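S.K.: Take a look at the following structure, please.
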Amino acid sequence: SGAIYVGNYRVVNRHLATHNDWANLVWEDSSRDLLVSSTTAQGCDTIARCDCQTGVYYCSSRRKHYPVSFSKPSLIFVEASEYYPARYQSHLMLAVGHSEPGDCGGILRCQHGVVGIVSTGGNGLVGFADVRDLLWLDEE
Ligand SMILES: COc1ccccc1CC(=O)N1CCN[C@H](C(N)=O)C1
Ligand SMILES: [Zn+2]
């Protein structure tokens, strides 16, 4: 689990969105595994606006933050799960790192701010849904 709290937005994995998220919906995209809802309180995270390919992510199944090198956002085939059929997910970045299904939502960050959240993994890989292109997260 986990979310990004930037301005009056809450960014979560679409597959982990709550009823309150759907009832306060701003934007969702199943091909990216992302959903954004509105919040009453202002958040403290800032979004990275950069070209970094190195950063650090939070892994809940280890209670640890790990440094990683990750690929540029791309269209990648993701195997069938209990949340989606086997399909292509867009804006996904891969790295070598430990992950388990409940690690989704952990933040990936670089020196400029939040880059994305854990969205996929398996066999020593971890995938992150990029948010750096969502410029509207920085405005009301
Ligand atoms: C961190 O996720 C894992 C890690 C290790 C093994 C398996 C996973 C789960 C994973 O890859 N899923 C299931 C949830 N939906 C994802 C999606 N974005 O389509 C894909
Ligand atoms: Zn950066």
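Please note that chains go A, B, ... in the order of the structure tokens, that every chain numbers its residues from 1, and that ligands are numbered from 1 in the order shown.
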Near range 62-68 of chain A, within 12 Å and counting only C-alpha atoms, which residues show up once chain neighbours fewer than 2 positions away are dropped, as a PyMOL selection string?

M.R.: chain A and resi 52-60+70-71+93-100+102-103+106-111+125-128

S.K.: Around ligand 1, out to 8 Å and counting only C-alpha atoms and all ligand atoms, which residues are there? I want them as number ranges by chain.

M.R.: A: 13, 15, 32-33, 78-87, 89, 98-104, 118-127, 129

S.K.: With N, CA, C and O atoms retained, export the selected residues as a short mmCIF file (atom, residue, chain, number, x, y, z; two decimals), in the first residue's frame.

M.R.:
```cif
data_model
loop_
_atom_site.label_atom_id
_atom_site.label_comp_id
_atom_site.auth_asym_id
_atom_site.auth_seq_id
_atom_site.Cartn_x
_atom_site.Cartn_y
_atom_site.Cartn_z
N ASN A 13 -2.19 3.44 -6.53
CA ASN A 13 -2.36 2.44 -7.59
C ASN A 13 -3.85 2.31 -7.85
O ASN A 13 -4.64 2.19 -6.90
N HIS A 15 -5.48 -0.17 -8.84
CA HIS A 15 -6.01 -1.44 -8.33
C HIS A 15 -6.19 -1.47 -6.80
O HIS A 15 -6.85 -2.38 -6.29
N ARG A 32 -2.11 2.64 -17.08
CA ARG A 32 -0.96 3.08 -16.27
C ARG A 32 -1.03 2.56 -14.80
O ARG A 32 -0.08 2.80 -14.03
N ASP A 33 -2.12 1.91 -14.39
CA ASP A 33 -2.38 1.53 -13.01
C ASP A 33 -2.35 2.72 -12.05
O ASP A 33 -1.92 2.59 -10.90
N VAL A 78 2.82 -7.09 -18.79
CA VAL A 78 2.74 -7.49 -17.40
C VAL A 78 1.82 -8.74 -17.32
O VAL A 78 0.73 -8.70 -17.86
N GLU A 79 2.27 -9.77 -16.62
CA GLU A 79 1.52 -11.02 -16.52
C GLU A 79 0.20 -10.81 -15.78
O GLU A 79 0.06 -9.87 -15.00
N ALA A 80 -0.74 -11.75 -15.98
CA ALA A 80 -2.05 -11.74 -15.34
C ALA A 80 -1.91 -11.80 -13.87
O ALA A 80 -1.03 -12.49 -13.35
N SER A 81 -2.73 -11.04 -13.17
CA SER A 81 -2.76 -11.06 -11.72
C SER A 81 -4.25 -11.16 -11.30
O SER A 81 -5.14 -11.21 -12.16
N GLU A 82 -4.53 -11.10 -10.00
CA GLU A 82 -5.91 -11.03 -9.53
C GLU A 82 -6.50 -9.63 -9.81
O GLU A 82 -7.70 -9.49 -9.72
N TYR A 83 -5.68 -8.60 -10.21
CA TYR A 83 -6.22 -7.26 -10.48
C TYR A 83 -6.37 -6.90 -11.92
O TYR A 83 -7.19 -6.04 -12.23
N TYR A 84 -5.56 -7.52 -12.82
CA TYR A 84 -5.65 -7.23 -14.25
C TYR A 84 -5.35 -8.53 -15.03
O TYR A 84 -4.50 -9.30 -14.59
N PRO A 85 -5.89 -8.66 -16.25
CA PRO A 85 -5.43 -9.76 -17.13
C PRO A 85 -4.00 -9.45 -17.63
O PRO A 85 -3.48 -8.33 -17.41
N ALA A 86 -3.36 -10.40 -18.34
CA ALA A 86 -2.02 -10.14 -18.90
C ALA A 86 -2.24 -9.08 -19.99
O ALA A 86 -3.22 -9.13 -20.70
N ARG A 87 -1.49 -7.98 -19.92
CA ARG A 87 -1.72 -6.86 -20.82
C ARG A 87 -0.42 -6.04 -20.86
O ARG A 87 0.51 -6.31 -20.12
N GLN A 89 1.22 -2.52 -19.97
CA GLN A 89 1.07 -1.36 -19.09
C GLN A 89 1.99 -0.26 -19.64
O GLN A 89 3.16 -0.54 -19.95
N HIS A 98 13.88 -6.17 -4.84
CA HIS A 98 12.89 -7.02 -4.25
C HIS A 98 11.52 -6.37 -4.25
O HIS A 98 11.39 -5.18 -3.90
N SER A 99 10.53 -7.09 -4.58
CA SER A 99 9.16 -6.70 -4.45
C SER A 99 8.26 -7.92 -4.31
O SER A 99 8.64 -9.01 -4.80
N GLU A 100 7.07 -7.70 -3.62
CA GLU A 100 5.90 -8.58 -3.37
C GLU A 100 4.63 -7.79 -3.67
O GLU A 100 4.65 -6.55 -3.70
N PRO A 101 3.48 -8.43 -3.92
CA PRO A 101 2.28 -7.66 -4.37
C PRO A 101 1.90 -6.46 -3.48
O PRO A 101 1.62 -5.35 -4.00
N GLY A 102 1.94 -6.62 -2.16
CA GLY A 102 1.61 -5.56 -1.22
C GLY A 102 2.64 -4.44 -1.13
O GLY A 102 2.40 -3.48 -0.41
N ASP A 103 3.77 -4.56 -1.86
CA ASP A 103 4.74 -3.45 -1.95
C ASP A 103 4.22 -2.33 -2.88
O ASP A 103 4.74 -1.22 -2.84
N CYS A 104 3.12 -2.60 -3.65
CA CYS A 104 2.57 -1.54 -4.52
C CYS A 104 2.22 -0.32 -3.67
O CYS A 104 1.69 -0.43 -2.56
N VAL A 118 5.61 2.03 -6.76
CA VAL A 118 5.68 0.61 -7.12
C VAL A 118 4.31 0.17 -7.68
O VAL A 118 3.28 0.47 -7.07
N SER A 119 4.34 -0.54 -8.83
CA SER A 119 3.13 -1.02 -9.50
C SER A 119 3.24 -2.49 -9.92
O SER A 119 2.21 -3.11 -10.03
N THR A 120 4.45 -3.04 -10.17
CA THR A 120 4.55 -4.46 -10.61
C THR A 120 5.81 -5.06 -9.99
O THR A 120 6.65 -4.34 -9.42
N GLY A 121 6.00 -6.37 -10.12
CA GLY A 121 7.29 -6.97 -9.75
C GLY A 121 7.31 -8.46 -9.98
O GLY A 121 6.33 -9.03 -10.45
N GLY A 122 8.36 -9.08 -9.47
CA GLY A 122 8.48 -10.54 -9.54
C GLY A 122 9.90 -10.93 -9.83
O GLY A 122 10.56 -10.28 -10.66
N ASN A 123 10.36 -12.05 -9.24
CA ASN A 123 11.66 -12.65 -9.47
C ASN A 123 12.83 -11.69 -9.47
O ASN A 123 13.74 -11.82 -10.33
N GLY A 124 12.88 -10.81 -8.47
CA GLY A 124 13.98 -9.88 -8.34
C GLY A 124 13.84 -8.68 -9.24
O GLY A 124 14.77 -7.89 -9.26
N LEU A 125 12.66 -8.44 -9.82
CA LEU A 125 12.35 -7.18 -10.55
C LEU A 125 11.32 -6.40 -9.77
O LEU A 125 10.53 -6.95 -8.98
N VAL A 126 11.34 -5.09 -9.96
CA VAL A 126 10.31 -4.21 -9.41
C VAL A 126 9.98 -3.16 -10.54
O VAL A 126 10.88 -2.66 -11.20
N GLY A 127 8.70 -2.87 -10.74
CA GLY A 127 8.28 -1.88 -11.74
C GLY A 127 7.56 -0.73 -11.09
O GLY A 127 6.80 -0.92 -10.13
N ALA A 129 5.25 2.87 -11.70
CA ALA A 129 4.40 3.73 -12.53
C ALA A 129 4.91 5.16 -12.44
O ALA A 129 4.93 5.75 -11.35
#
```

S.K.: Identify, on the basis of only C-alpha atoms, every residue whose closest approach to residue 37 in chain A does not exceed 6 Å; exclude the query and any residue fewer than 4 positions from it along the same chain; express the result as a count of residues only.

M.R.: 6

S.K.: For residue 35 in chain A, find every residue with an atom within 7 Å (counting only C-alpha atoms), except residues of its own chain fewer than 4 positions away, and show them as a ChimeraX atom specification.

M.R.: /A:11-14,27-29

S.K.: Which residues, written as JSON, numbers by chain, have at least one atom at most 8 Å from residue 43 in chain A, with only C-alpha atoms counted and residues fewer than 5 positions away on the same chain left out?

M.R.: {"A": [5, 6, 7, 8, 9]}

S.K.: What are the DSSP strand (DSSP E or B) residues of chain A, as a ChimeraX atom specification?

M.R.: /A:4-13,25-29,34-44,47,54-59,64-69,74-78,87-96,107-110,113-122,125-130

S.K.: Could you check the closest approach to residue 36 in chain A for each of A:20, A:91, A:115, A:50 and tell me which residue wins, using only C-alpha atoms?

M.R.: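 Using only C-alpha atoms, residue 36 in chain A sits closest to A:20.
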
S.K.: Which residue, A:76, A:47, A:41, A:117, has the smallest gap to ligand 2 when you use only C-alpha atoms and all ligand atoms?

M.R.: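 Closest to ligand 2, using only C-alpha atoms and all ligand atoms: A:47.
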
S.K.: Pick out the closest residue to residue 31 in chain A from this set: A:75, A:4, A:112, A:17. Count only C-alpha atoms.

M.R.: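 Among the listed residues, A:75 lies closest to residue 31 in chain A.
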
S.K.: Given the choices A:114, A:92, A:131, A:137, which gets closest to ligand 2 if the distance is worked out from only C-alpha atoms and all ligand atoms?

M.R.: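 Among the listed residues, the smallest separation from ligand 2 belongs to A:114.
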
S.K.: Nearest to ligand 2: which of A:139, A:48, A:116, A:88 is it, counting only C-alpha atoms and all ligand atoms?

M.R.: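 The answer is A:48, which sits nearest to ligand 2.
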